[PDB]
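Step one of this worksheet: look at the structure below.
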Amino acid sequence: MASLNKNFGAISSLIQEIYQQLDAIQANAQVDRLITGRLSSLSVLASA
Amino acid sequence: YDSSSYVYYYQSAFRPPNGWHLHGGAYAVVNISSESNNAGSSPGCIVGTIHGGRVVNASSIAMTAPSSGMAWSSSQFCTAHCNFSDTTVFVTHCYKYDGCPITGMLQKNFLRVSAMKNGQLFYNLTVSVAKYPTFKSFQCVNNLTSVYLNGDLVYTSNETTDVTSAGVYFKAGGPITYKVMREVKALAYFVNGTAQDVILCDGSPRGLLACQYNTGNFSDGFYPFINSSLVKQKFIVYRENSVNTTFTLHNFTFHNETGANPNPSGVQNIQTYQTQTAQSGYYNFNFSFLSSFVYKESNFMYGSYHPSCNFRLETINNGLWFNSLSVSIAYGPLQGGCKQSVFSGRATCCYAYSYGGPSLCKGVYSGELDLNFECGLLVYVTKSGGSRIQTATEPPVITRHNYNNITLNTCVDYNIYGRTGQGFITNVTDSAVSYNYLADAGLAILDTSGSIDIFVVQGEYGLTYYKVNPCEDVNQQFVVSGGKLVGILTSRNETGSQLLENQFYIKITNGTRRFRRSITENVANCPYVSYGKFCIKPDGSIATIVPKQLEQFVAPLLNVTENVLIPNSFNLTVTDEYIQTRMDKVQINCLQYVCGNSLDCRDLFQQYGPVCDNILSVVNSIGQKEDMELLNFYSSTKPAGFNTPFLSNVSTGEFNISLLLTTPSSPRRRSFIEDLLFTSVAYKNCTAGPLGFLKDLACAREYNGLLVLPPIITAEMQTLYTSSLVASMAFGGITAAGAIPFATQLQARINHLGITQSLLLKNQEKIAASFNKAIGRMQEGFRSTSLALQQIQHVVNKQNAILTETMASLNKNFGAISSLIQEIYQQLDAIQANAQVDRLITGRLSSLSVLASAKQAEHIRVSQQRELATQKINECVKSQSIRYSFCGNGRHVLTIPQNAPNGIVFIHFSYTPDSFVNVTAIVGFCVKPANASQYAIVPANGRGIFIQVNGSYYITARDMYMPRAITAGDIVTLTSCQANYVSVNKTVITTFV
Amino acid sequence: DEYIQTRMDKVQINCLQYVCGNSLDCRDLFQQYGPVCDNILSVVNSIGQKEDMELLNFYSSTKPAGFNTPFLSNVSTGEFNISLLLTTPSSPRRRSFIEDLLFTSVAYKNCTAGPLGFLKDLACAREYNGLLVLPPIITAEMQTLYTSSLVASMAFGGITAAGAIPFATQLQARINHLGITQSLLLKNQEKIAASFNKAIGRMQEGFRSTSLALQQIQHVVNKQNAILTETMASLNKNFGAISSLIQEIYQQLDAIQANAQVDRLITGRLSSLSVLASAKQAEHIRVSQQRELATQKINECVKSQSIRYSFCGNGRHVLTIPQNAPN
Amino acid sequence: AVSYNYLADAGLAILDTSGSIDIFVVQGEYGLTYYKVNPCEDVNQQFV
Ligand SMILES: *[C@@H]1O[C@H](CO)[C@@H](O[C@@H]2O[C@H](CO)[C@@H](O[C@@H]3O[C@H](CO)[C@@H](O)[C@H](O)[C@H]3NC(C)=O)[C@H](O)[C@H]2NC(C)=O)[C@H](O)[C@H]1NC(C)=O
Ligand SMILES: *[C@@H]1O[C@H](CO)[C@@H](O[C@@H]2O[C@H](CO)[C@@H](O[C@@H]3O[C@H](CO)[C@@H](O)[C@H](O)[C@H]3NC(C)=O)[C@H](O)[C@H]2NC(C)=O)[C@H](O)[C@H]1NC(C)=O
Ligand SMILES: *[C@@H]1O[C@H](CO)[C@@H](O[C@@H]2O[C@H](CO)[C@@H](O[C@@H]3O[C@H](CO)[C@@H](O)[C@H](O)[C@H]3NC(C)=O)[C@H](O)[C@H]2NC(C)=O)[C@H](O)[C@H]1NC(C)=O
Ligand SMILES: *[C@@H]1O[C@H](CO)[C@@H](O[C@@H]2O[C@H](CO)[C@@H](O)[C@H](O)[C@H]2NC(C)=O)[C@H](O)[C@H]1NC(C)=O
Ligand SMILES: *[C@@H]1O[C@H](CO)[C@@H](O[C@@H]2O[C@H](CO)[C@@H](O)[C@H](O)[C@H]2NC(C)=O)[C@H](O)[C@H]1NC(C)=O
Ligand SMILES: *[C@@H]1O[C@H](CO)[C@@H](O[C@@H]2O[C@H](CO)[C@@H](O)[C@H](O)[C@H]2NC(C)=O)[C@H](O)[C@H]1NC(C)=O
Ligand SMILES: *[C@@H]1O[C@H](CO)[C@@H](O[C@@H]2O[C@H](CO)[C@@H](O)[C@H](O)[C@H]2NC(C)=O)[C@H](O)[C@H]1NC(C)=O
Ligand SMILES: *[C@@H]1O[C@H](CO)[C@@H](O[C@@H]2O[C@H](CO)[C@@H](O)[C@H](O)[C@H]2NC(C)=O)[C@H](O)[C@H]1NC(C)=O
Ligand SMILES: *[C@@H]1O[C@H](CO)[C@@H](O[C@@H]2O[C@H](CO)[C@@H](O)[C@H](O)[C@H]2NC(C)=O)[C@H](O)[C@H]1NC(C)=O
Ligand SMILES: *[C@@H]1O[C@H](CO)[C@@H](O[C@@H]2O[C@H](CO)[C@@H](O)[C@H](O)[C@H]2NC(C)=O)[C@H](O)[C@H]1NC(C)=O
Ligand SMILES: *[C@@H]1O[C@H](CO)[C@@H](O)[C@H](O)[C@H]1NC(C)=O
Ligand SMILES: *[C@@H]1O[C@H](CO)[C@@H](O)[C@H](O)[C@H]1NC(C)=O
Ligand SMILES: *[C@@H]1O[C@H](CO)[C@@H](O)[C@H](O)[C@H]1NC(C)=O
Ligand SMILES: *[C@@H]1O[C@H](CO)[C@@H](O)[C@H](O)[C@H]1NC(C)=O
Ligand SMILES: *[C@@H]1O[C@H](CO)[C@@H](O)[C@H](O)[C@H]1NC(C)=O
Ligand SMILES: *[C@@H]1O[C@H](CO)[C@@H](O)[C@H](O)[C@H]1NC(C)=O
Ligand SMILES: *[C@@H]1O[C@H](CO)[C@@H](O)[C@H](O)[C@H]1NC(C)=O
Ligand SMILES: *[C@@H]1O[C@H](CO)[C@@H](O)[C@H](O)[C@H]1NC(C)=O
Ligand SMILES: *[C@@H]1O[C@H](CO)[C@@H](O)[C@H](O)[C@H]1NC(C)=O
Ligand SMILES: *[C@@H]1O[C@H](CO)[C@@H](O)[C@H](O)[C@H]1NC(C)=O
Ligand SMILES: *[C@@H]1O[C@H](CO)[C@@H](O)[C@H](O)[C@H]1NC(C)=O
Ligand SMILES: *[C@@H]1O[C@H](CO)[C@@H](O)[C@H](O)[C@H]1NC(C)=O
Ligand SMILES: *[C@@H]1O[C@H](CO)[C@@H](O)[C@H](O)[C@H]1NC(C)=O
Ligand SMILES: *[C@@H]1O[C@H](CO)[C@@H](O)[C@H](O)[C@H]1NC(C)=O
Ligand SMILES: *[C@@H]1O[C@H](CO)[C@@H](O)[C@H](O)[C@H]1NC(C)=O
Ligand SMILES: *[C@@H]1O[C@H](CO)[C@@H](O)[C@H](O)[C@H]1NC(C)=O
């Protein structure tokens, strides 16, 4: 649960204000990194 | 490193630590040639003379000496120079006679490595005779023009010039060796920063393992590999058109023309001043628009909009696959050309080249169309992803040749549909003209990873279907066993003299040509390398495996009268096993492990707060959870104290058990058998003083932050545990009077299988001879074929291999530019380095996560075996329960535990007799008494079936042939008998007066 | 009933042929990823050896004496219809009825040509991506005699084969150990027959609808299939990259910009192999646990009839009969 | 280290892993020596 505010290689933690600060077609790399990190955290949960 | 097959060559004066490491340089040999005693009539070679050459035009040279023999003194060694096309390099130990201005006649002087052009001298450096003790080798390398007095650099310059001659003066000594060489890849094992040996990548079977898996001193087991080599018939299948075609690619050209005016205010008011389209077949695009046209990198408003089309415009001509394609050029504005002309426009994506244009251009955007901008040409491209047209550069060479002749069942190269592979091709259309195996769109089927599984071809009487499977060497293995290579376990048949299960087997020739084929031998058990009913020795030859099993008996189950087999004599068959019971606790210091000894890297680290808490909490939890119930396990089984050595000079009766217990003369409290266990495998001062080859990795661990903690049972508190446990097994019972330390326990424990206690003068030396033969088989069994030793080996190797990969995970850089962090900030920018440092720190904390998870899994394993250990200590040692074949493949008698590497080793003693007797048996009686009554007698439980001997009648136990008169308490009275009896007219109770 | 797993399919990851495809390139870029293939190979080699040694220990501790006799259930017993439970004469495989009912709910090939089935022919899709198997140290058609020899030692162990006693006398001399006598005749002989006939009637009713072994078979087979069939479908799943296949990364864009993409993709695929090796080691710990429980229950519940109350089968047990299963 | 040929004929430092220095050399005395670098007293302190 406390793995949500922990941002990955990114610029911020919440996803509502990633699209509001910078460009459209440059934000998708940031969003892909963040979603891949959160699904890695769920993989750790299921293995434990 | 001065052998007759390679020359070493130290990579630039620093040394990476103890382990294998790879390089690339001129290391091989070709044309080894010898030479000796290049001196005249003089008693010693005079210093400073440069003559004595030998013309060699090669890409290297090397002058090597015998192994550290040629000293620098008089009558032993002189100049030994190369020369390049114009410049020379000559060493000279110019000790004084009159000649050079050095003025020294002793050792502890210097040398002269000095270059020399046609008339003058430069680059005098004077290295001491210290750090260069003995002339070993001397190279001259082509590329970078550098020269190498043994090992490191002495001189470089600018040019790239090949060696033209070389030559050495010396009076006497070892015969010197000239050799030229080529450039290969090799890797060198070196400890303490000096080379021992190298492994070349010369296509040898020993070489390929090291060159692909980056290691030597390999583990045992299997290893896959490759050797790619193919110059054979390649065949190409192009995309067939309708009918009757010669595949000719069309040429679409472009040119900047005398264009029109720039556009007015509307984004529909920009006109494409060219148009082309793709229809079918092949194409290429001649773009001559690299001439002084810069590419504009995409950003927030202006530039290209190449997302949704990952290729750049100068890379269309490589092999792509589209579905419909049309490009066109248009001279619009620059700030809002693509970002408006993609969404509301007419293209999927567009590019934006620029040039020197006049700044009178009316831009297109909602509300901002009243300014003046630049006019760079912007090309359009309308991509739709698919497979209908293919773009290629060279014209296809299949010129009026319908596909009639392509090869089958041979390892070929193939380039079909623009995807290069390497395999062979079968014919599968018999199973595919049915089952509608492809639909009405007939082309290939991709599998995963972008290869081709089934494709089609057209042009014969009917269309066929071909399948692509890889070649014979897509997965070859070669078996290593113990310490060295044995043979290649392949899939092909190169006159392979042995067939294993579903794989063919060859064997590499080791010296002599013989020892290739033999008759297989039957092995009981083998721990070496096992592969599917076949076992491979380190000798090289295989031997088939077939497991043995021992006999057992439950034999008395008696219906109608017939003689039965019960044992009279008995033997003991030993059996060992090993159970792990302890664990080394760790303590990860994350701050000192991630960053090095630096002033920085820490302020960047202090926003990685909770991940060190997460990596610390699980290690702290497993440490506490192990350390509590380890003391529970110690306090549940340590019997009473009994702090008595019992050091095996105690006089027993006839049982030689002094082999199995501790000796008086030893520095450690250790018996013989666990010493044999130890020879197969926490108080230090880490600042100064080494101990050993393997225990002194603790200083390499503690300087990287992976330290250990002592257990709650201290050292020299577990070495009394085993002795106290066997002391309670022996002394427990008797009051120590009458020569009974170990014997009486065994005889009073062996007669529980029958039904008596502690019988004397019968069954006393039979037990002695049987137990002596049992310990003889025991002392034979450990060294060659046992069960505990290989378990010890696997457990010790896994416990070492957990931690020795999270130390060698430091030089392994992640997505980064280097491994160490001290020289990331020194090479590049400040605010660009932080992404690199974040990637590297995230990778190292991922490695610590892997370490903590592996440690928790190993703790679950050892807690499982520890609770099984306390159960077996509570039952098999001090109890002798009647559970059949719980411990030691039979109804067990006694066990003796011993020490081990972080475990305990049991020695079980079974009970399996073989010699039987042939005695007649009966199942019951029904005596009739005198006046009026009737009853039967059935033998009770736990007292065994009863037999007869030569007239009388006797009961006996079910395991020991021990005749005895029937008593009154072993009967069952029943008011029935059904002629399956004996029916004696007189009573057979044998009561007393 | 109950089911206990006791075996494991050994794997052999060929990392060089799994990461890159059939290409001339991708390999020179791969040859600086040296020790990570050694790390992914060593744990698989270790679990293979550690399974393959004590599997032969488990086979040599319980295979009773030989007894290489078929005992194919036309042997005339007294009144016990046990021919439902043992093997039949007319069958291509040495298989009884009940484990055939177990099998219908769920290593010699030539992969170059010739299919076999819908599910067994995934081995050619595995071997062309570098996830191949190895045969066990007990060979095929060496485990199908194991169950028959074990029930042959449970039946014939004892008598000297004279007097129509293949299976009955073992049961009557094992049932009177709860009281205190041995092998009583002409009382308690048909009562046991009627009770055991009703018991095998409830047994032949029980397997098809409501049993305990069948769903355990289902969950174990589905997990053993689902471990490997996600690390094959992890190939088309691209990582942070531009595409999935590696043949057409070098053809679309620049040379010195493609190497970051290729490094990300290769690091992702080696992470997937790390997940595979860790899952295989955890499953080996599971099967070693159930295998040592298996040798304990073979040593006690089959050949001994100990008096431990409700160890195996919810009461003071009489006799057990083992049968084959999926692994 | 004057025995055991503890460095070869190219005498400079030995890197360990993570880019630090384990053993280096120095020159200028009667004979060349060998020095070892180990971290300070507080490289791993703990508090319970
Ligand atoms: C690639 O093609 C471009 C379009 O054909 C060329 O750019 C053209 O250069 C002309 C010469 O400078 C310009 O003509 C002038 O335009 C201005 C308006 O900004 C008028 O006032 C001038 O009278 C007029 N000169 C005349 C009529 O002699 C074109 O306007 C200009 N086209 C544009 C900007 O779209 C490039 O020069 C050409 N590059 C090459 C050949 O390398
Ligand atoms: C892969 O297998 C295919 C299936 O057998 C082969 O295709 C066969 O080729 C034969 C010879 O070219 C054809 O036989 C001809 O059939 C016609 C009409 O049936 C007859 O008039 C001809 O006399 C006969 N030729 C003879 C008897 O010599 C088969 O019809 C054809 N089968 C098909 C298309 O399904 C492929 O040739 C084979 N691949 C290779 C490389 O050999
Ligand atoms: C680290 O240990 C080194 C090994 O002991 C020290 O090096 C030693 O220094 C001594 C004094 O400088 C030398 O003694 C001299 O040896 C010469 C020839 O052997 C004699 O002629 C001198 O009289 C003698 N000096 C005396 C007795 O005062 C040792 O030879 C020398 N050992 C070597 C080089 O192996 C280092 O000094 C020491 N480091 C520090 C910082 O002290
Ligand atoms: C190798 O280099 C040596 C050193 O320069 C060359 O020796 C010189 O040769 C020229 C003409 O051959 C003489 O004029 C010089 O006097 C020589 N040098 C000395 C110091 O005597 C030698 O020629 C070179 N080898 C070849 C094959 O050219
Ligand atoms: C390397 O050492 C030699 C020593 O011989 C230097 O040679 C001297 O050069 C100067 C200038 O050319 C002459 O005046 C001297 O007579 C030479 N010394 C002799 C012949 O003994 C040479 O200059 C040095 N190289 C340098 C400093 O680059
Ligand atoms: C690693 O491999 C090297 C081979 O280069 C081993 O070094 C040999 O060890 C034996 C053991 O006595 C010596 O007889 C040889 O002379 C050594 N050869 C060289 C070139 O030094 C080394 O022991 C291995 N290390 C292990 C297995 O830990
Ligand atoms: C590298 O340095 C170590 C440290 O001295 C050497 O290890 C010693 O080896 C000798 C064998 O001749 C043992 O007698 C010593 O006890 C070892 N020292 C220890 C354990 O501290 C090692 O031999 C060196 N490697 C070489 C010279 O190749
Ligand atoms: C129990 O006591 C008896 C009686 O002392 C021991 O029997 C003696 O055994 C030794 C060894 O064979 C003989 O030499 C003696 O003659 C025996 N004594 C007799 C017959 O009176 C017996 O060994 C003891 N049991 C032990 C020590 O385990
Ligand atoms: C896809 O191809 C396979 C391979 O032929 C087809 O599988 C065959 O199906 C038939 C009947 O369904 C069986 O008799 C064969 O034994 C199968 N062959 C195998 C498993 O190798 C499959 O039916 C095809 N799918 C279709 C036509 O939809
Ligand atoms: C043990 O032997 C007796 C023989 O006395 C067997 O008893 C026979 O049982 C069958 C089946 O009920 C009867 O038809 C016979 O008449 C019995 N024989 C007699 C009474 O003499 C008994 O079955 C045997 N036990 C076994 C085979 O387990
Ligand atoms: C090869 O060796 C022979 C040995 O006599 C020698 O004569 C010849 O010059 C050598 N060739 C080279 C070094 O190219
Ligand atoms: C290099 O040396 C060889 C030695 O025989 C000679 O044949 C060749 O002509 C030489 N090349 C030159 C001087 O360019
Ligand atoms: C070594 O020399 C060859 C000569 O062709 C050159 O191609 C190669 O780049 C050189 N290696 C270096 C400079 O590392
Ligand atoms: C290489 O460097 C030297 C150093 O002065 C110079 O004289 C020479 O011209 C250079 N070679 C070139 C530029 O090809
Ligand atoms: C691999 O191929 C090379 C090329 O011919 C060959 O020399 C080598 O023996 C092969 N390795 C084997 C068969 O292990
Ligand atoms: C132009 O196309 C023709 C075929 O239409 C082809 O022969 C020729 O090579 C092409 N020109 C090129 C590729 O420069
Ligand atoms: C593109 O067209 C120009 C026009 O002259 C020609 O010179 C050039 O060779 C062509 N490029 C090709 C065919 O790659
Ligand atoms: C392999 O080749 C040998 C020839 O030495 C042959 O005798 C053997 O039968 C072959 N193995 C096969 C066909 O499985
Ligand atoms: C069993 O014991 C007898 C007599 O004690 C002996 O002759 C025989 O060799 C033994 N068998 C073994 C140890 O296998
Ligand atoms: C056995 O060894 C101990 C060790 O000191 C000694 O005290 C004792 O006297 C020895 N027993 C003998 C010599 O009978
Ligand atoms: C026990 O066996 C060892 C093995 O060599 C022997 O040295 C010792 O004398 C024996 N002790 C006896 C027979 O009492
Ligand atoms: C142990 O290490 C300490 C650390 O300061 C040092 O003072 C002491 O001399 C060492 N003891 C030895 C080398 O015996
Ligand atoms: C016991 O002896 C009898 C007669 O001598 C024989 O028929 C029987 O087979 C023997 N039992 C054995 C050898 O087990
Ligand atoms: C039982 O089946 C076997 C297998 O063919 C046969 O040999 C035997 O005669 C059969 N028993 C009968 C028919 O009583
Ligand atoms: C045992 O039961 C099966 C089940 O149908 C039956 O076919 C067989 O005849 C029975 N055998 C007997 C009663 O001996
Ligand atoms: C088995 O595969 C080999 C591969 O070369 C082939 O030669 C052989 O004909 C195949 N056997 C069949 C399909 O029965």
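Here the Cβ positions follow ideal geometry from the backbone for every residue, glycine too, while neighbour counts run over all protein chains shown. Where a number appears in this text, it was derived from the coordinates with a stated rule and is not lab data.
This table checks each residue for (1) assigned to a loop (DSSP other than H, G, I, E, B); (2) away from ligand 11 (no atom under 16 Å from the Cβ); (3) exposed (fewer than 15 other Cβ atoms within 10 Å of the Cβ).
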{"site": "B:177", "(1), (2), (3)": "no, no, no"}
{"site": "B:182", "(1), (2), (3)": "yes, no, yes"}
{"site": "B:211", "(1), (2), (3)": "no, yes, no"}
{"site": "B:291", "(1), (2), (3)": "yes, yes, yes"}
- Item | the stretch C:149-160, subset under 24 Å from residue C:298 (Cβ atoms) and part of a loop (DSSP other than H, G, I, E, B), residue nearest to the other protein chains (Cβ to nearest Cβ) | C:158
- Are there any pairs, at least 6 apart or on different chains, whose C-beta atoms fall under 6 Å, with the first in the stretch B:483-496 and within 24 Å of residue B:410 (Cβ to Cβ) and the second away from ligand 21 (no atom under 16 Å from the Cβ) and part of a loop (DSSP other than H, G, I, E, B), and if so, which? B:488/B:506; B:489/B:503; B:491/B:472; B:492/B:472; B:496/B:506
- Message: Just to be sure before I move on: is residue C:100 under 20 Å from residue C:281 (Cα atoms) and among the acidic types (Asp, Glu) in the structure I sent?
- Response: no
- Here the residues within the stretch B:443-477 that are in a strand (DSSP E or B) and under 21 Å from residue C:109 (Cα atoms) are B:453, B:454, B:466, B:467, B:468, B:469, B:470, B:476, B:477
- residue B:779 meets each of (1) loosely packed, with under 14 Cβ neighbours inside 10 Å; (2) more than 14 Å from chain D (Cβ to nearest Cβ) with one exception, condition (1)
- Note on the structure: From the option list B:685, B:649, single residue qualifying as at negative phi and in contact with a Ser or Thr (Cβ under 8 Å, 6 or more places away or on another chain) is B:649
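Conditions tested, residue by residue: (1) surrounded by fewer than 17 Cβ atoms within 10 Å (Cβ to Cβ); (2) more than 10 Å from every other protein chain (Cβ to nearest Cβ).
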position	(1), (2)
B:790	no, no
B:815	yes, no
B:820	no, no
B:826	yes, yes
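Going by what's in this entry, would residue C:173 be described as in a helix (DSSP H, G or I), touching a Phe, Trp or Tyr at 6+ places or on another chain (Cβ under 9 Å) and closer than 30 Å to residue B:938 by Cα?
So residue C:173 fails the test.
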- Note on the structure: Exactly one of B:512, B:448 is within 11 Å of chain C (Cβ to nearest Cβ), away from ligand 1 (no atom under 16 Å from the Cβ) and of a type in the set (S, T, N, Q), and that residue is B:448
- Query: Can you find even one residue in the stretch B:184-194 that is crowded, with 19+ Cβ neighbours inside 10 Å, in a loop (DSSP other than H, G, I, E, B), under 35 Å from the mean Cα position of the chain (by Cα) and of a type in the set (A, V, I, L, M, F, W, C)?
  - Reply: no
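Each row is one residue, and each column tells you yes or no for (1) within 16 Å of ligand 10 (Cβ to nearest atom); (2) among the hydroxyl-bearing types (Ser, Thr, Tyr); (3) more than 50 Å from the chain's Cα centre (by Cα); (4) within 14 Å of chain C (Cβ to nearest Cβ).
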{"residue": "B:261", "(1), (2), (3), (4)": "no, no, yes, no"}
{"residue": "B:276", "(1), (2), (3), (4)": "no, no, yes, no"}
{"residue": "B:291", "(1), (2), (3), (4)": "no, yes, yes, no"}
{"residue": "B:300", "(1), (2), (3), (4)": "no, no, no, no"}
{"residue": "B:308", "(1), (2), (3), (4)": "no, yes, no, yes"}
{"residue": "B:321", "(1), (2), (3), (4)": "no, no, no, yes"}
{"residue": "B:331", "(1), (2), (3), (4)": "no, yes, yes, no"}
{"residue": "B:334", "(1), (2), (3), (4)": "no, no, yes, no"}
{"residue": "B:340", "(1), (2), (3), (4)": "no, no, yes, no"}
- Spans of strands (runs of 3 or more DSSP E) in the stretch B:527-626 with at least 2 residues closer than 30 Å to residue C:181 by Cα: B:564-567
- Considering each residue of the stretch B:55-81, count those that are in a strand (DSSP E or B) and surrounded by fewer than 14 Cβ atoms within 10 Å (Cβ to Cβ), and give that number. 2
- Query: Of the residues in the stretch B:912-958, how many are within 16 Å of ligand 19 (Cβ to nearest atom) and either within 14 Å of chain C (Cβ to nearest Cβ) or among the hydrophobic types (A, V, I, L, M, F, W, C) (or both)?
  - Reply: 4
- Test residue B:131 against the criterion of being assigned to a loop (DSSP other than H, G, I, E, B), out of contact with any helix residue (DSSP H, G or I) (no Cβ under 9 Å at 6 or more places or on another chain) and either within 14 Å of chain D (Cβ to nearest Cβ) or within 16 Å of ligand 23 (Cβ to nearest atom) (or both), and give yes or no. yes
- Out of D:35, D:6, sole residue that is aromatic (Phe, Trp, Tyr), at the interface with another protein chain (Cβ under 7 Å from one of its Cβ atoms) and in contact with a strand residue (DSSP E or B) (Cβ under 8 Å, 6 or more places away or on another chain): D:6
- Failed item, numbered, when residue B:898 is tested on (1) more than 36 Å from the chain's Cα centre (by Cα); (2) surrounded by 19 or more Cβ atoms within 10 Å (Cβ to Cβ): (1)
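Residue check: is residue B:498 more than 12 Å from ligand 15 (Cβ to nearest atom), away from chain C (no Cβ under 12 Å) and surrounded by 13 or more Cβ atoms within 10 Å (Cβ to Cβ)? Even if it seems obvious, please write down each step before you answer.
Values: more than 12 Å from ligand 15 (Cβ to nearest atom): yes; away from chain C (no Cβ under 12 Å): yes; surrounded by 13 or more Cβ atoms within 10 Å (Cβ to Cβ): yes.
When the stated conditions are applied, residue B:498 passes them.
Could you list all residues from the stretch B:919-947 that are of a type in the set (A, V, I, L, M) and either assigned to a strand (DSSP E or B) or on the phi > 0 side of the Ramachandran plot (or both)?
Restricting attention to the stretch B:919-947, the residues satisfying the condition of being of a type in the set (A, V, I, L, M) are B:919, B:921-923, B:927, B:930, B:932, B:936-938, B:940, B:945, B:947.
Across the stretch B:919-947, the qualifying residues are B:919, B:921, B:936, B:937, B:947.
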- With respect to the numbered conditions (1) more than 18 Å from the chain's Cα centre (by Cα); (2) assigned to a loop (DSSP other than H, G, I, E, B); (3) within 10 Å of another protein chain (Cβ to nearest Cβ), which one is the sole condition not fulfilled by residue C:137? (1)
- Flag if residue C:146 is more than 16 Å from ligand 18 (Cβ to nearest atom), aromatic (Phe, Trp, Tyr) and surrounded by fewer than 20 Cβ atoms within 10 Å (Cβ to Cβ): yes
- Query: So residue B:107 clears everything in (1) within 14 Å of chain D (Cβ to nearest Cβ); (2) under 45 Å from the mean Cα position of the chain (by Cα); (3) of a type outside the set (A, V, I, L, M, F, W, C) except one condition, right? Which one?
  - Reply: (2)
- Are any residues in the stretch D:1-41 in contact with a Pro (Cβ under 8 Å, 6 or more places away or on another chain) and either within 26 Å of residue B:821 (Cβ to Cβ) or not in a loop (DSSP other than H, G, I, E, B) (or both), and if so, which ones? D:14, D:15, D:16, D:17, D:22
- Query: Among D:16, D:42, which is within 25 Å of residue B:808 (Cα to Cα) and more than 9 Å from chain B (Cβ to nearest Cβ)?
  - Reply: D:42
- Task: Could you tell me which numbered condition residue B:820 fails, if it satisfies all but one of (1) under 27 Å from the mean Cα position of the chain (by Cα); (2) not in a loop (DSSP other than H, G, I, E, B)?
- Result: (2)
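Based on this model, can you work out whether residue B:950 counts as assigned to a strand (DSSP E or B) and surrounded by fewer than 17 Cβ atoms within 10 Å (Cβ to Cβ)?
When the stated conditions are applied, residue B:950 does not pass them.
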